[PDB]
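The structure file data20.cif is reproduced below (mmCIF, C-alpha atoms).
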data_target
#
loop_
_atom_site.group_PDB
_atom_site.id
_atom_site.type_symbol
_atom_site.label_atom_id
_atom_site.label_comp_id
_atom_site.auth_asym_id
_atom_site.auth_seq_id
_atom_site.Cartn_x
_atom_site.Cartn_y
_atom_site.Cartn_z
ATOM 1 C CA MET A 1 17.612 6.574 15.982
ATOM 2 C CA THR A 2 15.026 7.926 13.521
ATOM 3 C CA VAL A 3 11.707 6.898 12.003
ATOM 4 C CA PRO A 4 12.321 4.746 8.888
ATOM 5 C CA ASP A 5 13.129 5.973 5.393
ATOM 6 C CA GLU A 6 10.211 6.666 3.106
ATOM 7 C CA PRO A 7 9.654 3.550 0.970
ATOM 8 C CA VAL A 8 10.559 3.760 -2.710
ATOM 9 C CA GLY A 9 9.246 1.827 -5.653
ATOM 10 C CA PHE A 10 5.692 1.782 -4.325
ATOM 11 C CA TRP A 11 3.615 0.467 -7.245
ATOM 12 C CA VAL A 12 -0.067 -0.475 -7.394
ATOM 13 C CA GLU A 13 -0.874 -2.848 -10.237
ATOM 14 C CA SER A 14 -4.061 -4.195 -11.749
ATOM 15 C CA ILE A 15 -4.731 -7.926 -11.829
ATOM 16 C CA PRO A 16 -6.234 -8.893 -15.200
ATOM 17 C CA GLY A 17 -9.162 -11.230 -14.711
ATOM 18 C CA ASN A 18 -9.632 -10.094 -11.091
ATOM 19 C CA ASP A 19 -12.094 -7.209 -10.953
ATOM 20 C CA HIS A 20 -11.915 -6.879 -7.157
ATOM 21 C CA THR A 21 -8.205 -6.931 -6.279
ATOM 22 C CA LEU A 22 -5.067 -4.834 -6.670
ATOM 23 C CA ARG A 23 -1.457 -5.839 -6.022
ATOM 24 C CA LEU A 24 0.643 -3.434 -3.945
ATOM 25 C CA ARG A 25 4.453 -3.741 -4.022
ATOM 26 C CA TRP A 26 7.338 -1.801 -2.495
ATOM 27 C CA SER A 27 11.029 -2.032 -1.739
ATOM 28 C CA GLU A 28 12.580 -3.058 1.530
ATOM 29 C CA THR A 29 12.988 0.104 3.566
ATOM 30 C CA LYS A 30 15.800 1.190 5.887
ATOM 31 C CA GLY A 31 14.753 1.199 9.531
ATOM 32 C CA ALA A 32 11.341 -0.368 8.890
ATOM 33 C CA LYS A 33 9.830 -2.940 11.222
ATOM 34 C CA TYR A 34 6.543 -3.022 9.309
ATOM 35 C CA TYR A 35 4.399 -1.100 6.847
ATOM 36 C CA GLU A 36 0.912 0.399 6.974
ATOM 37 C CA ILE A 37 -1.374 0.677 3.944
ATOM 38 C CA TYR A 38 -4.259 3.131 3.583
ATOM 39 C CA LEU A 39 -6.915 3.730 0.948
ATOM 40 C CA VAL A 40 -6.980 7.419 -0.033
ATOM 41 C CA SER A 41 -10.535 8.545 -0.839
ATOM 42 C CA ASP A 42 -11.525 12.201 -1.342
ATOM 43 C CA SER A 43 -8.466 13.376 0.622
ATOM 44 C CA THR A 44 -8.993 11.048 3.598
ATOM 45 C CA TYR A 45 -7.096 7.862 4.476
ATOM 46 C CA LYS A 46 -8.814 4.601 5.436
ATOM 47 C CA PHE A 47 -6.800 1.875 7.135
ATOM 48 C CA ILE A 48 -6.342 -1.307 5.093
ATOM 49 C CA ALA A 49 -3.634 -3.431 6.714
ATOM 50 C CA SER A 50 -0.325 -3.615 8.543
ATOM 51 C CA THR A 51 2.272 -6.040 7.190
ATOM 52 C CA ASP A 52 5.934 -6.955 7.375
ATOM 53 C CA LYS A 53 5.784 -8.231 3.786
ATOM 54 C CA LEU A 54 6.991 -6.212 0.799
ATOM 55 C CA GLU A 55 3.743 -6.679 -1.097
ATOM 56 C CA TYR A 56 0.073 -6.906 -0.272
ATOM 57 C CA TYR A 57 -3.034 -7.860 -2.218
ATOM 58 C CA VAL A 58 -5.939 -5.540 -1.436
ATOM 59 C CA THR A 59 -9.069 -7.617 -2.064
ATOM 60 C CA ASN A 60 -12.787 -6.815 -1.943
ATOM 61 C CA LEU A 61 -12.653 -3.762 -4.211
ATOM 62 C CA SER A 62 -15.230 -2.798 -6.772
ATOM 63 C CA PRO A 63 -14.765 -3.474 -10.504
ATOM 64 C CA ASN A 64 -13.476 -0.848 -12.917
ATOM 65 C CA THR A 65 -12.546 1.594 -10.146
ATOM 66 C CA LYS A 66 -9.396 3.680 -9.641
ATOM 67 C CA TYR A 67 -7.964 3.335 -6.140
ATOM 68 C CA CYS A 68 -5.199 5.457 -4.627
ATOM 69 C CA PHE A 69 -3.185 4.029 -1.745
ATOM 70 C CA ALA A 70 -0.769 5.534 0.763
ATOM 71 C CA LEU A 71 2.112 3.488 2.171
ATOM 72 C CA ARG A 72 4.436 4.233 5.069
ATOM 73 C CA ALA A 73 7.097 2.358 7.032
ATOM 74 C CA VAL A 74 7.048 2.215 10.830
ATOM 75 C CA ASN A 75 9.490 1.500 13.645
ATOM 76 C CA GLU A 76 9.612 2.096 17.401
ATOM 77 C CA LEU A 77 10.385 5.791 16.887
ATOM 78 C CA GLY A 78 7.333 6.350 14.703
ATOM 79 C CA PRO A 79 6.197 6.407 11.076
ATOM 80 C CA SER A 80 7.844 7.554 7.882
ATOM 81 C CA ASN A 81 6.106 9.947 5.564
ATOM 82 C CA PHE A 82 3.638 8.567 3.028
ATOM 83 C CA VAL A 83 4.292 7.539 -0.548
ATOM 84 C CA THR A 84 1.362 7.103 -2.906
ATOM 85 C CA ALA A 85 0.441 5.108 -5.999
ATOM 86 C CA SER A 86 -2.748 4.142 -7.781
ATOM 87 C CA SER A 87 -4.347 1.884 -10.384
ATOM 88 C CA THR A 88 -7.727 0.709 -11.660
ATOM 89 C CA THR A 89 -9.246 -2.689 -10.977
ATOM 90 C CA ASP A 90 -10.110 -4.847 -13.973
ATOM 91 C CA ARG A 91 -13.470 -4.215 -15.665
ATOM 92 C CA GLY A 92 -14.751 -7.711 -14.841
#
Please lay out the structure from this file as structure tokens.
Amino acid sequence: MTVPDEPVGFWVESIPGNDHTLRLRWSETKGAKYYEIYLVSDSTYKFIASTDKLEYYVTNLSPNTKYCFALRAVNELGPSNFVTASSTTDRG
């Protein structure tokens, strides 16, 4: 078997009225047992969370700030490549 497919449809969306949260969403992914989410900052990745959901709310962000995330799917053989998406938190 292989590492999972790369996820598709990875979108990061703002939450109007919430200046400290972004909503991450992605499609179910062939071969995936779970997904890992990272914050991409100045060309380095910071771990956020592992989940078997298809969406995740990243809380405790600063207002009016663009965040880029990297998402990958994982199984027992290893991880998929990353897909990326970004958005800006509400101004508050």
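Atom CA of residue 52 of chain A to atom CA of residue 13 of chain A spans 19.3 Å [interatomic distance, one decimal].
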Practice problem: Excluding residue 91 of chain A and residues on its chain fewer than 2 positions from it, collect all residues at most 7 Å away from it, counting all atoms listed in the file, and give them as a PyMOL selection string. | Solution: chain A and resi 19+63-64+89
Pull out every residue that the PyMOL selection byres ((chain A and resi 68) around 6) matches in the shown coordinates and put them as a CSV table (one decimal) with C-alpha atoms, keeping the file's coordinate frame.
chain,number,residue,atom,x,y,z
A,40,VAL,CA,-7.0,7.4,0.0
A,67,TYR,CA,-8.0,3.3,-6.1
A,69,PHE,CA,-3.2,4.0,-1.7
A,85,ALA,CA,0.4,5.1,-6.0
A,86,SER,CA,-2.7,4.1,-7.8
Taking only residues of segment 13-91 of chain A that have an atom at most 10 Å from an atom of segment 5-8 of chain A, what is each one's shortest atom pair and its distance in Å to one decimal, using only C-alpha atoms, in chain and number order, as CSV?
residue,atom,partner,partner_atom,distance
A:25,CA,A:8,CA,9.8
A:26,CA,A:8,CA,6.4
A:27,CA,A:8,CA,5.9
A:28,CA,A:7,CA,7.2
A:29,CA,A:7,CA,5.5
A:30,CA,A:5,CA,5.5
A:31,CA,A:5,CA,6.5
A:32,CA,A:5,CA,7.5
A:35,CA,A:7,CA,9.2
A:71,CA,A:7,CA,7.6
A:72,CA,A:6,CA,6.6
A:73,CA,A:6,CA,6.6
A:74,CA,A:5,CA,9.0
A:79,CA,A:6,CA,8.9
A:80,CA,A:6,CA,5.4
A:81,CA,A:6,CA,5.8
A:82,CA,A:6,CA,6.8
A:83,CA,A:7,CA,6.9
A:84,CA,A:8,CA,9.8
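The spacing separating atom CA of residue 42 of chain A from atom CA of residue 78 of chain A amounts to 25.4 Å.
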Practice problem: Just give me the residues with any atom within 12 Å of (-7.6, -1.8, 7.0), file coordinates, counting all atoms listed in the file, written as a PyMOL selection string. | Solution: chain A and resi 36-40+45-51+56-60+69-70
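With distances taken over only C-alpha atoms, A:62 is the one residue among A:44, A:2, A:75, A:62 lying closest to residue 18 of chain A.
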Quiz prompt | Counting all atoms listed in the file, the option among A:20, A:77, A:43, A:90 closest to residue 61 of chain A | solution = A:20
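Checking A:41, A:65, A:10, A:34 one by one against residue 53 of chain A, counting only C-alpha atoms, you find the shortest gap at A:34.
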